[PDB]
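Note sheet for the following structure.
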Amino acid sequence: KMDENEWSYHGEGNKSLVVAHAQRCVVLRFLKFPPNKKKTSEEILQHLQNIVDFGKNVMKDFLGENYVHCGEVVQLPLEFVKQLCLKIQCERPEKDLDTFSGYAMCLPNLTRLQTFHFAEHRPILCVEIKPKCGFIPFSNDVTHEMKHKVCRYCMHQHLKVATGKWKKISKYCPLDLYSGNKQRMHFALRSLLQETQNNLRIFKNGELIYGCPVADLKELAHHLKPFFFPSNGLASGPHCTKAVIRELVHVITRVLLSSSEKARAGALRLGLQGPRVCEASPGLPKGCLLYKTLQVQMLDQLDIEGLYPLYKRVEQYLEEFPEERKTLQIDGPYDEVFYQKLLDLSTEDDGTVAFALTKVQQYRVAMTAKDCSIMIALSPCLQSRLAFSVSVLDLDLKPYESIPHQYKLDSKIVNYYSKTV
Ligand SMILES: O=P(O)(O)O[C@@H]1[C@@H](OP(=O)(O)O)[C@H](OP(=O)(O)O)[C@H](O)[C@H](OP(=O)(O)O)[C@H]1OP(=O)(O)O
Ligand SMILES: Nc1ncnc2c1ncn2[C@@H]1O[C@H](COP(=O)(O)OP(=O)(O)OP(=O)(O)O)[C@@H](O)[C@H]1O
Ligand SMILES: [Mg+2]
Ligand SMILES: [Mg+2]
Ligand SMILES: [Zn+2]
Ligand SMILES: [Zn+2]
């Protein structure tokens with residue numbers, strides 16, 4: 001028996017909606033789809049099963065077993081889904097919700113959990129960061145001038161601000177964060193606090209308390225003092241907002257730079273081609289999650305510019321041989337062989353379709369890693385004496401048909417930014 005009153009609205013990115021249970025530390029993830037065309041009921045089941053099979057097989061090998069969690073696909077009563085949707089409709093921010101299938105993913109609620117223990121903890125603080133792409137493209141295939149010296153995030157800011165999506169430009173550059181420089185990382189996190197956008201959220205015990213009275217720097221610092229300056233009897237005591245936010249920013253930097261005891265044979269060893277600094281504003285440990293995420297982003301070896309020629313070869317082949325879309329395993333299954341196909345890092349274009357297809361798939365995987373989120377969970381545990389857990393969220397492979405749009409959008413981002421100067 002599923003009561004609709006127990007589940008609350010948790011969040012919503014443009015492709016899926018999440019709801020969280022108040023009692024158990026789990027969440028349910030429902031898909032969004034366009035009116036043209038809404039997917040069939042048995043196709044939804046396979047889509048969700050591919051998201052699990054991608055995270056299970058591909059991303060656990062690239063990032064680590066401890067850092068990825070992708071719970072099972074589950075079936076629910078339609079009457080529960082209809083009623084839960086209507087309640088939650090109210091709380092949406094404003095692509096139609098999956099109301100007719102009754103299929104969803106049951107994931108653990110990482111806002112209330114530690115990974116290494118894996119029970120609920122309280123009091124528990126959680127910082128969810130969306131870091132974006134951590135390098136500037138370096139291939140000779142790129143035409144435009146600005147792309148070699150400014151990262152896509154900073155270039156995308158200006159368009160988003162002018163569009164009206166955001167009010168002001170952020171001072172956050174991903175390359176400050178991904179560079180192992182503590183000083184740059186600290187600055188990157190402070191700017192990201194000052195202008196959150198969709199790139200930062202903070203929770204206390206499951207409840208959102210920061211990045212969408214908005215509100216608010218002082219009010220945040222109230223919730224953080226018990227974690228960072230714990231009064232063990234004595235309240236000594238008077239800590240200003242500046243000092244509280246500082247201890248947050250240090251701890252998050254210290255956490256992202258931490259790695260497990262393991263420093264295993266790197267799945268990816270791709271070197272960092274500069275610029276390591278960005279013209280928008282002023283190494284990283286091999287074991288840590290932030291580095292491993294950067295490496296899977298670097299499967300975009302040739303830029304989008306770039307890869308669109310390689311995409312065109314695979315499309316003219318499937319124009320003429322449409323039956324081979326399935327036989328080539330373009331839409332999975334994302335199994336142990338599929339992970340092996342991604343490890344060919346060679347960049348010569350003599351082999352023509354076998355090579356292009358391999359690179360198209362590597363690019364789909366990179367686009368996933370650029371758009372992924374990182375969750376950090378601070379809390380006391382028996383196994384300040386704060387214990388941490390790192391995790392990655394939002395790991396669903398970007399669809400094959402979005403590659404045209406990715407070219408089209410990047411062309412618009414740089415041309416507006418170059419016109420602006
Ligand atoms: O359009 P882009 O390249 O800026 O990236 C999209 C994001 O834009 P933003 O973070 O606002 O700059 C976009 O963010 P918002 O929906 O605007 O929060 C999504 O993360 C989207 O991912 P998905 O394809 O829905 O999984 C992202 O789409 P993909 O490009 O990853 O397909
Ligand atoms: N396992 C989880 N634990 C805690 N919070 C979660 C979990 N899964 C999802 N969320 C929250 O739900 C939000 C929205 O879900 P999600 O990002 O997965 O959907 P999306 O449409 O694919 O997003 P995006 O547009 O960023 O690609 C996330 O930003 C995250 O804060
Ligand atoms: Mg998505
Ligand atoms: Mg997300
Ligand atoms: Zn930048
Ligand atoms: Zn514990």
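In the structure tokens, each chain is lettered A, B, ... as it comes, each chain's residues begin at 1, and ligands are numbered from 1 in order of appearance.
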At most 7 Å is the cut-off: for each residue in chain A with any atom that close to an atom of ligand 3, write down the nearest atom pair and the distance in Å rounded to one decimal, counting only C-alpha atoms and all ligand atoms, chain first then increasing number, as a tab-separated table.
residue	atom	partner	partner_atom_place_in_ligand_line	distance
A:15	CA	ligand 3	1 (Mg)	5.1
A:16	CA	ligand 3	1 (Mg)	6.8
A:394	CA	ligand 3	1 (Mg)	6.2
A:396	CA	ligand 3	1 (Mg)	5.9
What does the file look like for those residues with N, CA, C and O atoms, as a PDB file, in the first residue's frame?
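So out08.pdb came out as:
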ATOM      1  N   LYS A  15      15.087  16.728 -17.588  1.00  0.00           N
ATOM      2  CA  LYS A  15      14.762  15.374 -18.091  1.00  0.00           C
ATOM      3  C   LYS A  15      14.027  14.441 -17.107  1.00  0.00           C
ATOM      4  O   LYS A  15      13.424  13.462 -17.551  1.00  0.00           O
ATOM      5  N   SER A  16      14.068  14.715 -15.801  1.00  0.00           N
ATOM      6  CA  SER A  16      13.394  13.844 -14.821  1.00  0.00           C
ATOM      7  C   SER A  16      13.001  14.540 -13.516  1.00  0.00           C
ATOM      8  O   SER A  16      13.620  15.527 -13.111  1.00  0.00           O
ATOM      9  N   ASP A 394      23.234  11.708 -11.415  1.00  0.00           N
ATOM     10  CA  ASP A 394      22.892  12.212 -12.738  1.00  0.00           C
ATOM     11  C   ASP A 394      23.776  11.555 -13.822  1.00  0.00           C
ATOM     12  O   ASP A 394      24.403  12.240 -14.638  1.00  0.00           O
ATOM     13  N   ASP A 396      23.123   9.273 -16.589  1.00  0.00           N
ATOM     14  CA  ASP A 396      22.358   8.616 -17.645  1.00  0.00           C
ATOM     15  C   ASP A 396      22.951   9.042 -18.982  1.00  0.00           C
ATOM     16  O   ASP A 396      23.172  10.233 -19.211  1.00  0.00           O
TER      17      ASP A 396
END
Fill in: Selection within 8 Å of ligand 4 by only C-alpha atoms and all ligand atoms, output as a list in words
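Residues satisfying the distance criterion: residues 13, 130, 371, 372, 373, 393 and 394 of chain A.
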Discussion item. Please list as a PyMOL selection string every residue within 10 Å of residue 94 in chain A, counting only C-alpha atoms and excluding residues in the same chain fewer than 2 positions away.
Written reply: chain A and resi 12+14+89+91-92
Keeping only N, CA, C and O atoms, write those residues as a PDB file, in the first residue's frame.
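After the write, selection26.pdb holds the following:
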ATOM      1  N   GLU A  12      13.892  18.468  -9.513  1.00  0.00           N
ATOM      2  CA  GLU A  12      13.483  18.335 -10.905  1.00  0.00           C
ATOM      3  C   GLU A  12      14.487  19.002 -11.838  1.00  0.00           C
ATOM      4  O   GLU A  12      14.579  20.229 -11.879  1.00  0.00           O
ATOM      5  N   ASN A  14      15.542  19.155 -16.027  1.00  0.00           N
ATOM      6  CA  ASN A  14      14.723  19.164 -17.261  1.00  0.00           C
ATOM      7  C   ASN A  14      14.338  17.798 -17.881  1.00  0.00           C
ATOM      8  O   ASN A  14      13.364  17.739 -18.627  1.00  0.00           O
ATOM      9  N   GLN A  89       2.505  18.780  -8.346  1.00  0.00           N
ATOM     10  CA  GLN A  89       2.372  19.762  -9.442  1.00  0.00           C
ATOM     11  C   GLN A  89       2.576  21.196  -8.952  1.00  0.00           C
ATOM     12  O   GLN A  89       3.326  21.973  -9.547  1.00  0.00           O
ATOM     13  N   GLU A  91       4.354  22.330  -6.497  1.00  0.00           N
ATOM     14  CA  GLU A  91       5.745  22.653  -6.131  1.00  0.00           C
ATOM     15  C   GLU A  91       6.763  22.657  -7.285  1.00  0.00           C
ATOM     16  O   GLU A  91       7.926  23.005  -7.060  1.00  0.00           O
ATOM     17  N   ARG A  92       6.349  22.281  -8.500  1.00  0.00           N
ATOM     18  CA  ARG A  92       7.249  22.305  -9.670  1.00  0.00           C
ATOM     19  C   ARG A  92       7.717  23.745 -10.011  1.00  0.00           C
ATOM     20  O   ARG A  92       7.047  24.714  -9.636  1.00  0.00           O
TER      21      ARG A  92
END
Discussion item. How would you report the residues lying within 9 Å of ligand 1, as a ChimeraX atom specification, if you count only C-alpha atoms and all ligand atoms?
Written reply: /A:12-16,130,132,152-153,156-157,160,165,197-199,367-372,394-399,402-403,405-406,409-410,413
Any chance you could export the current selection's N, CA, C and O atoms as a short mmCIF file (atom, residue, chain, number, x, y, z; two decimals), in the first residue's frame?
data_model
loop_
_atom_site.label_atom_id
_atom_site.label_comp_id
_atom_site.auth_asym_id
_atom_site.auth_seq_id
_atom_site.Cartn_x
_atom_site.Cartn_y
_atom_site.Cartn_z
N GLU A 12 13.89 18.47 -9.51
CA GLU A 12 13.48 18.33 -10.91
C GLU A 12 14.49 19.00 -11.84
O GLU A 12 14.58 20.23 -11.88
N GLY A 13 15.25 18.19 -12.56
CA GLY A 13 16.04 18.65 -13.70
C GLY A 13 15.21 18.44 -14.95
O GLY A 13 14.29 17.63 -14.95
N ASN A 14 15.54 19.15 -16.03
CA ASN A 14 14.72 19.16 -17.26
C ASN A 14 14.34 17.80 -17.88
O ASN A 14 13.36 17.74 -18.63
N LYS A 15 15.09 16.73 -17.59
CA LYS A 15 14.76 15.37 -18.09
C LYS A 15 14.03 14.44 -17.11
O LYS A 15 13.42 13.46 -17.55
N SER A 16 14.07 14.72 -15.80
CA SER A 16 13.39 13.84 -14.82
C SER A 16 13.00 14.54 -13.52
O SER A 16 13.62 15.53 -13.11
N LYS A 130 27.35 20.92 -9.01
CA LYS A 130 27.34 20.56 -10.43
C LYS A 130 28.53 21.28 -11.11
O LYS A 130 28.40 22.43 -11.55
N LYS A 132 30.42 21.14 -13.93
CA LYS A 132 30.57 21.40 -15.38
C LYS A 132 31.92 20.92 -15.92
O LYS A 132 32.71 20.32 -15.18
N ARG A 152 33.62 26.56 -21.68
CA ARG A 152 32.24 26.66 -22.15
C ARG A 152 31.29 27.22 -21.10
O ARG A 152 30.34 27.92 -21.44
N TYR A 153 31.56 26.93 -19.82
CA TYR A 153 30.69 27.42 -18.74
C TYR A 153 30.65 28.94 -18.73
O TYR A 153 29.57 29.54 -18.83
N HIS A 156 28.99 30.33 -21.72
CA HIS A 156 27.53 30.09 -21.64
C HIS A 156 26.84 31.05 -20.67
O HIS A 156 25.65 31.33 -20.84
N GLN A 157 27.56 31.55 -19.66
CA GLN A 157 27.01 32.51 -18.69
C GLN A 157 26.38 33.72 -19.37
O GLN A 157 25.22 34.05 -19.12
N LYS A 160 23.11 33.00 -21.23
CA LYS A 160 22.07 32.74 -20.24
C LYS A 160 21.61 34.02 -19.51
O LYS A 160 20.41 34.18 -19.24
N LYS A 165 17.47 33.97 -18.27
CA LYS A 165 17.46 32.77 -17.43
C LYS A 165 18.09 33.04 -16.06
O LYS A 165 17.59 32.55 -15.05
N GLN A 197 22.90 29.47 -8.93
CA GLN A 197 22.21 29.05 -10.16
C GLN A 197 21.67 27.62 -9.95
O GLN A 197 21.05 27.36 -8.92
N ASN A 198 21.89 26.72 -10.91
CA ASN A 198 21.59 25.29 -10.72
C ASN A 198 22.86 24.49 -10.39
O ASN A 198 22.84 23.25 -10.45
N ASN A 199 23.95 25.17 -10.03
CA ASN A 199 25.25 24.52 -9.84
C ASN A 199 25.60 24.25 -8.38
O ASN A 199 26.68 23.70 -8.11
N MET A 367 29.76 13.74 -22.57
CA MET A 367 28.63 14.65 -22.31
C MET A 367 27.88 14.31 -21.02
O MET A 367 27.40 15.21 -20.34
N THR A 368 27.80 13.02 -20.68
CA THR A 368 27.24 12.58 -19.40
C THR A 368 28.05 13.10 -18.22
O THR A 368 27.49 13.63 -17.26
N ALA A 369 29.37 12.94 -18.29
CA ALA A 369 30.26 13.30 -17.18
C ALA A 369 30.35 14.80 -16.96
O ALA A 369 30.57 15.24 -15.83
N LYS A 370 30.19 15.59 -18.03
CA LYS A 370 30.17 17.05 -17.92
C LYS A 370 28.93 17.54 -17.17
O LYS A 370 29.02 18.45 -16.34
N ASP A 371 27.80 16.90 -17.43
CA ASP A 371 26.53 17.29 -16.84
C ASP A 371 26.20 16.60 -15.50
O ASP A 371 25.11 16.80 -14.94
N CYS A 372 27.13 15.81 -14.96
CA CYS A 372 26.89 15.05 -13.73
C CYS A 372 27.02 15.95 -12.50
O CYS A 372 27.65 17.00 -12.56
N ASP A 394 23.23 11.71 -11.42
CA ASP A 394 22.89 12.21 -12.74
C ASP A 394 23.78 11.56 -13.82
O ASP A 394 24.40 12.24 -14.64
N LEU A 395 23.81 10.22 -13.81
CA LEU A 395 24.65 9.42 -14.72
C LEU A 395 23.80 8.59 -15.68
O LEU A 395 23.77 7.35 -15.60
N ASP A 396 23.12 9.27 -16.59
CA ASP A 396 22.36 8.62 -17.65
C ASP A 396 22.95 9.04 -18.98
O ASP A 396 23.17 10.23 -19.21
N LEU A 397 23.23 8.06 -19.85
CA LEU A 397 23.93 8.31 -21.11
C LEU A 397 23.10 9.21 -22.03
O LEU A 397 21.91 8.98 -22.22
N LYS A 398 23.74 10.24 -22.58
CA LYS A 398 23.07 11.22 -23.43
C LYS A 398 22.67 10.55 -24.75
O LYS A 398 23.49 9.85 -25.35
N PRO A 399 21.42 10.77 -25.20
CA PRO A 399 20.92 10.01 -26.35
C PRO A 399 21.69 10.31 -27.63
O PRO A 399 22.26 11.39 -27.77
N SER A 402 20.88 13.58 -29.82
CA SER A 402 21.21 14.92 -29.31
C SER A 402 22.51 15.52 -29.88
O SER A 402 22.78 16.70 -29.67
N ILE A 403 23.31 14.71 -30.58
CA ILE A 403 24.59 15.17 -31.13
C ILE A 403 24.47 16.33 -32.14
O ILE A 403 25.31 17.22 -32.14
N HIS A 405 22.07 18.66 -31.99
CA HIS A 405 21.75 19.79 -31.12
C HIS A 405 22.98 20.33 -30.38
O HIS A 405 23.12 21.55 -30.22
N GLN A 406 23.86 19.44 -29.93
CA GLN A 406 25.10 19.84 -29.24
C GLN A 406 26.03 20.67 -30.12
O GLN A 406 26.69 21.58 -29.63
N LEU A 409 24.01 24.17 -30.65
CA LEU A 409 24.06 25.01 -29.45
C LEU A 409 25.42 25.66 -29.23
O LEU A 409 25.50 26.86 -28.97
N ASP A 410 26.49 24.86 -29.31
CA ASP A 410 27.87 25.35 -29.14
C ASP A 410 28.24 26.44 -30.15
O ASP A 410 29.00 27.36 -29.82
N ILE A 413 26.55 29.53 -28.67
CA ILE A 413 27.18 30.00 -27.43
C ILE A 413 28.43 30.84 -27.70
O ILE A 413 28.61 31.88 -27.07
#
Discussion item. Just want the residues within 9 Å of ligand 6, written as a PyMOL selection string, counting only C-alpha atoms and all ligand atoms.
Written reply: chain A and resi 114+116-121+379-383+387
Kindly save the residues from that selection, with N, CA, C and O atoms included, as a short mmCIF file (atom, residue, chain, number, x, y, z; two decimals), in the first residue's frame.
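Result file follows (part06.cif):
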data_model
loop_
_atom_site.label_atom_id
_atom_site.label_comp_id
_atom_site.auth_asym_id
_atom_site.auth_seq_id
_atom_site.Cartn_x
_atom_site.Cartn_y
_atom_site.Cartn_z
N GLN A 114 25.15 8.07 4.57
CA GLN A 114 26.60 7.95 4.40
C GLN A 114 26.81 6.69 3.57
O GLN A 114 26.07 5.74 3.74
N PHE A 116 29.86 4.72 3.20
CA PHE A 116 30.72 3.75 3.90
C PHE A 116 30.05 3.04 5.08
O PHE A 116 30.40 1.90 5.37
N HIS A 117 29.11 3.71 5.75
CA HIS A 117 28.26 3.07 6.77
C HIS A 117 26.97 2.57 6.11
O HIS A 117 26.63 1.39 6.22
N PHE A 118 26.27 3.48 5.44
CA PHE A 118 24.99 3.20 4.73
C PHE A 118 23.83 2.92 5.67
O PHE A 118 23.13 1.91 5.56
N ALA A 119 23.65 3.85 6.59
CA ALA A 119 22.42 4.00 7.36
C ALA A 119 22.12 5.49 7.36
O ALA A 119 22.98 6.29 6.98
N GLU A 120 20.91 5.87 7.77
CA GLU A 120 20.58 7.28 7.91
C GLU A 120 21.39 7.88 9.06
O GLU A 120 21.62 7.20 10.06
N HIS A 121 21.83 9.12 8.89
CA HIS A 121 22.50 9.84 9.96
C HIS A 121 21.84 11.20 10.20
O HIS A 121 21.22 11.77 9.30
N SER A 379 28.60 14.32 8.50
CA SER A 379 27.83 13.84 9.65
C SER A 379 28.72 13.07 10.63
O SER A 379 29.73 12.50 10.21
N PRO A 380 28.35 13.02 11.92
CA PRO A 380 29.07 12.16 12.85
C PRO A 380 28.77 10.70 12.57
O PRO A 380 27.67 10.39 12.09
N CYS A 381 29.73 9.82 12.83
CA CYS A 381 29.57 8.37 12.64
C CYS A 381 30.49 7.60 13.59
O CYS A 381 31.60 8.05 13.89
N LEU A 382 30.02 6.44 14.05
CA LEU A 382 30.80 5.59 14.97
C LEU A 382 31.93 4.81 14.30
O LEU A 382 32.88 4.42 14.99
N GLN A 383 31.83 4.56 12.99
CA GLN A 383 32.85 3.80 12.26
C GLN A 383 34.05 4.67 11.85
O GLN A 383 33.89 5.72 11.24
N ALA A 387 32.56 12.92 9.60
CA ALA A 387 32.84 11.88 8.61
C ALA A 387 32.22 12.30 7.29
O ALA A 387 31.13 12.88 7.28
#
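When DSSP reads the backbone of this structure, the residues of range 193-233 of chain A it assigns to strand (DSSP E) are residues 200, 201, 202, 203, 204, 207 and 208 of chain A.
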Practice prompt. May I have the residues within 9 Å of ligand 5, computed using only C-alpha atoms and all ligand atoms, as number ranges by chain?
Written response: A: 134-136, 149-155, 171-176, 277-282
Worksheet entry | Å distance separating CA of residue 140 in chain A from CA of residue 292 in chain A, one decimal place |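 So the answer is 24.8 Å.
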Discussion item. Please list as number ranges by chain every residue within 10 Å of residue 330 in chain A, counting only C-alpha atoms and excluding residues in the same chain fewer than 6 positions away.
Written reply: A: 324, 338, 357-358, 360-361, 399-400
Take the residues just selected and output them with N, CA, C and O atoms as a PDB file, in the first residue's frame.
ATOM      1  N   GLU A 324      21.069  -2.010 -39.110  1.00  0.00           N
ATOM      2  CA  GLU A 324      22.300  -2.136 -38.309  1.00  0.00           C
ATOM      3  C   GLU A 324      22.415  -1.183 -37.102  1.00  0.00           C
ATOM      4  O   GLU A 324      23.398  -1.246 -36.359  1.00  0.00           O
ATOM      5  N   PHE A 338      30.680  -3.395 -24.146  1.00  0.00           N
ATOM      6  CA  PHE A 338      30.499  -1.953 -24.408  1.00  0.00           C
ATOM      7  C   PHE A 338      31.534  -1.098 -23.681  1.00  0.00           C
ATOM      8  O   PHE A 338      32.016  -0.115 -24.238  1.00  0.00           O
ATOM      9  N   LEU A 357      32.230   5.611 -35.169  1.00  0.00           N
ATOM     10  CA  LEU A 357      31.251   5.077 -34.222  1.00  0.00           C
ATOM     11  C   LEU A 357      31.815   4.984 -32.799  1.00  0.00           C
ATOM     12  O   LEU A 357      31.170   5.422 -31.856  1.00  0.00           O
ATOM     13  N   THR A 358      33.022   4.441 -32.658  1.00  0.00           N
ATOM     14  CA  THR A 358      33.698   4.367 -31.358  1.00  0.00           C
ATOM     15  C   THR A 358      33.830   5.743 -30.705  1.00  0.00           C
ATOM     16  O   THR A 358      33.610   5.885 -29.501  1.00  0.00           O
ATOM     17  N   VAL A 360      31.996   8.538 -31.468  1.00  0.00           N
ATOM     18  CA  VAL A 360      30.639   9.018 -31.170  1.00  0.00           C
ATOM     19  C   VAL A 360      30.163   8.512 -29.797  1.00  0.00           C
ATOM     20  O   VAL A 360      29.567   9.274 -29.037  1.00  0.00           O
ATOM     21  N   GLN A 361      30.431   7.242 -29.486  1.00  0.00           N
ATOM     22  CA  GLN A 361      30.027   6.649 -28.202  1.00  0.00           C
ATOM     23  C   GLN A 361      30.838   7.229 -27.044  1.00  0.00           C
ATOM     24  O   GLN A 361      30.287   7.542 -25.988  1.00  0.00           O
ATOM     25  N   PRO A 399      21.420  10.769 -25.205  1.00  0.00           N
ATOM     26  CA  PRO A 399      20.917  10.012 -26.348  1.00  0.00           C
ATOM     27  C   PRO A 399      21.690  10.311 -27.627  1.00  0.00           C
ATOM     28  O   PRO A 399      22.259  11.394 -27.772  1.00  0.00           O
ATOM     29  N   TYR A 400      21.710   9.335 -28.530  1.00  0.00           N
ATOM     30  CA  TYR A 400      22.435   9.437 -29.800  1.00  0.00           C
ATOM     31  C   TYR A 400      21.981  10.631 -30.655  1.00  0.00           C
ATOM     32  O   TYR A 400      22.810  11.297 -31.281  1.00  0.00           O
TER      33      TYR A 400
END
Fill in: Neighbour list for range 55-65 of chain A as a PyMOL selection string, cut-off 10 Å, only C-alpha atoms, skip fewer than 4 positions in-chain
chain A and resi 50-51+69-71+260+262+266-268+287-293+295-296+334-340+342+365+369+391-397
Worksheet item: Looking at only C-alpha atoms, which of A:147, A:346, A:31, A:179 is the one that sits closest to residue 253 in chain A?
Response: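 That would be A:179, the residue with the smallest distance to residue 253 in chain A.
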Worksheet, complete the sentence: Using only C-alpha atoms, the residue out of A:241, A:194, A:258, A:83 with shortest distance to residue 222 in chain A is A:241
Item to complete: Rank nothing, just name the residue among A:245, A:81, A:189, A:86 nearest to residue 223 in chain A, using only C-alpha atoms.
Response: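 Of the candidates, the smallest distance to residue 223 in chain A is held by A:245.
Nearest residue to residue 333 in chain A among A:359, A:47, A:201, A:184 is A:47, counting only C-alpha atoms.
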Fill in: Per-residue DSSP, range 56-169 of chain A, filtered to alpha helix (DSSP H), as an NGL selection string
:A and (60-63 or 78-89 or 152-163)
Expected file: the selected residues, C-alpha atoms, as a PDB file, in the first residue's frame:
ATOM      1  CA  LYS A  60      31.376   1.989 -11.769  1.00  0.00           C
ATOM      2  CA  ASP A  61      34.485   0.865 -13.714  1.00  0.00           C
ATOM      3  CA  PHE A  62      35.505   4.462 -14.639  1.00  0.00           C
ATOM      4  CA  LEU A  63      34.797   6.146 -11.249  1.00  0.00           C
ATOM      5  CA  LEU A  78      -1.114   4.222 -11.583  1.00  0.00           C
ATOM      6  CA  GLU A  79      -3.618   5.643  -9.065  1.00  0.00           C
ATOM      7  CA  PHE A  80      -0.709   6.369  -6.683  1.00  0.00           C
ATOM      8  CA  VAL A  81       1.261   8.090  -9.487  1.00  0.00           C
ATOM      9  CA  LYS A  82      -1.688  10.239 -10.686  1.00  0.00           C
ATOM     10  CA  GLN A  83      -2.440  11.509  -7.164  1.00  0.00           C
ATOM     11  CA  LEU A  84       1.200  12.034  -6.116  1.00  0.00           C
ATOM     12  CA  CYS A  85       1.725  14.036  -9.342  1.00  0.00           C
ATOM     13  CA  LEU A  86      -1.276  16.344  -8.755  1.00  0.00           C
ATOM     14  CA  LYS A  87      -0.135  17.112  -5.183  1.00  0.00           C
ATOM     15  CA  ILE A  88       3.457  17.802  -6.301  1.00  0.00           C
ATOM     16  CA  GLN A  89       2.372  19.762  -9.442  1.00  0.00           C
ATOM     17  CA  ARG A 152      32.237  26.661 -22.153  1.00  0.00           C
ATOM     18  CA  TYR A 153      30.689  27.418 -18.744  1.00  0.00           C
ATOM     19  CA  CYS A 154      31.962  31.006 -18.631  1.00  0.00           C
ATOM     20  CA  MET A 155      31.026  31.524 -22.311  1.00  0.00           C
ATOM     21  CA  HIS A 156      27.533  30.090 -21.645  1.00  0.00           C
ATOM     22  CA  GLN A 157      27.010  32.512 -18.687  1.00  0.00           C
ATOM     23  CA  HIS A 158      26.759  35.580 -20.958  1.00  0.00           C
ATOM     24  CA  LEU A 159      24.085  34.015 -23.211  1.00  0.00           C
ATOM     25  CA  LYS A 160      22.065  32.744 -20.236  1.00  0.00           C
ATOM     26  CA  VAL A 161      22.233  36.197 -18.564  1.00  0.00           C
ATOM     27  CA  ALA A 162      21.190  38.033 -21.761  1.00  0.00           C
ATOM     28  CA  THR A 163      18.413  35.462 -22.374  1.00  0.00           C
TER      29      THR A 163
END
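If you look at CA of residue 191 in chain A and CA of residue 221 in chain A, they are 15.9 Å away from each other.
Ranking A:203, A:416, A:388, A:178 by their shortest atom-to-atom distance to ligand 2, with only C-alpha atoms and all ligand atoms included, puts A:203 first.
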Discussion item. I'd like the neighbourhood of residue 304 in chain A as a VMD selection string, where a residue qualifies if any of its atoms comes within 10 Å (using only C-alpha atoms), though same-chain residues fewer than 6 positions away should be ignored.
Written reply: chain A and resid 137 141 to 142 310 to 311 360 363 403 to 404 406 to 408 410 to 411
Print the selection's residues with N, CA, C and O atoms to a file, as a short mmCIF file (atom, residue, chain, number, x, y, z; two decimals), in the first residue's frame.
data_model
loop_
_atom_site.label_atom_id
_atom_site.label_comp_id
_atom_site.auth_asym_id
_atom_site.auth_seq_id
_atom_site.Cartn_x
_atom_site.Cartn_y
_atom_site.Cartn_z
N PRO A 137 38.93 23.03 -24.60
CA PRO A 137 39.23 22.16 -25.73
C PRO A 137 40.50 22.57 -26.46
O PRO A 137 40.81 23.76 -26.58
N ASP A 141 40.83 20.65 -34.74
CA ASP A 141 39.54 20.67 -35.42
C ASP A 141 38.65 21.88 -35.06
O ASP A 141 37.70 22.16 -35.79
N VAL A 142 38.94 22.57 -33.95
CA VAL A 142 38.11 23.73 -33.56
C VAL A 142 38.41 24.96 -34.42
O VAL A 142 39.57 25.35 -34.60
N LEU A 310 32.49 12.97 -37.82
CA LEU A 310 32.43 11.54 -37.48
C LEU A 310 30.99 11.08 -37.26
O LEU A 310 30.65 9.95 -37.62
N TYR A 311 30.15 11.94 -36.68
CA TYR A 311 28.72 11.65 -36.55
C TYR A 311 28.04 11.47 -37.91
O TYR A 311 27.22 10.56 -38.07
N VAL A 360 32.00 8.54 -31.47
CA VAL A 360 30.64 9.02 -31.17
C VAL A 360 30.16 8.51 -29.80
O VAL A 360 29.57 9.27 -29.04
N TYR A 363 32.06 10.17 -26.96
CA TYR A 363 31.53 11.53 -26.79
C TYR A 363 30.23 11.56 -26.00
O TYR A 363 30.04 12.45 -25.18
N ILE A 403 23.31 14.71 -30.58
CA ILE A 403 24.59 15.17 -31.13
C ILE A 403 24.47 16.33 -32.14
O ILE A 403 25.31 17.22 -32.14
N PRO A 404 23.43 16.31 -33.01
CA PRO A 404 23.16 17.49 -33.83
C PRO A 404 22.94 18.76 -33.00
O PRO A 404 23.55 19.80 -33.27
N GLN A 406 23.86 19.44 -29.93
CA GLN A 406 25.10 19.84 -29.24
C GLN A 406 26.03 20.67 -30.12
O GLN A 406 26.69 21.58 -29.63
N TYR A 407 26.10 20.33 -31.41
CA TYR A 407 26.83 21.14 -32.39
C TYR A 407 26.13 22.50 -32.56
O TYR A 407 26.77 23.55 -32.47
N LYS A 408 24.83 22.45 -32.80
CA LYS A 408 24.00 23.64 -33.03
C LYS A 408 24.08 24.66 -31.88
O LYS A 408 24.21 25.86 -32.12
N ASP A 410 26.49 24.86 -29.31
CA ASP A 410 27.87 25.35 -29.14
C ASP A 410 28.24 26.44 -30.15
O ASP A 410 29.00 27.36 -29.82
N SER A 411 27.73 26.31 -31.37
CA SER A 411 27.87 27.35 -32.39
C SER A 411 27.23 28.67 -31.93
O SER A 411 27.81 29.74 -32.11
#
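Our summary of the geometry notes that CA of residue 195 in chain A is positioned 19.2 Å from atom 23 (O, counted along the ligand's line) of ligand 2.
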Discussion item. Using only C-alpha atoms for the distances, tell me which of A:356, A:248, A:390, A:48 is nearest to residue 307 in chain A.
Written reply: A:356
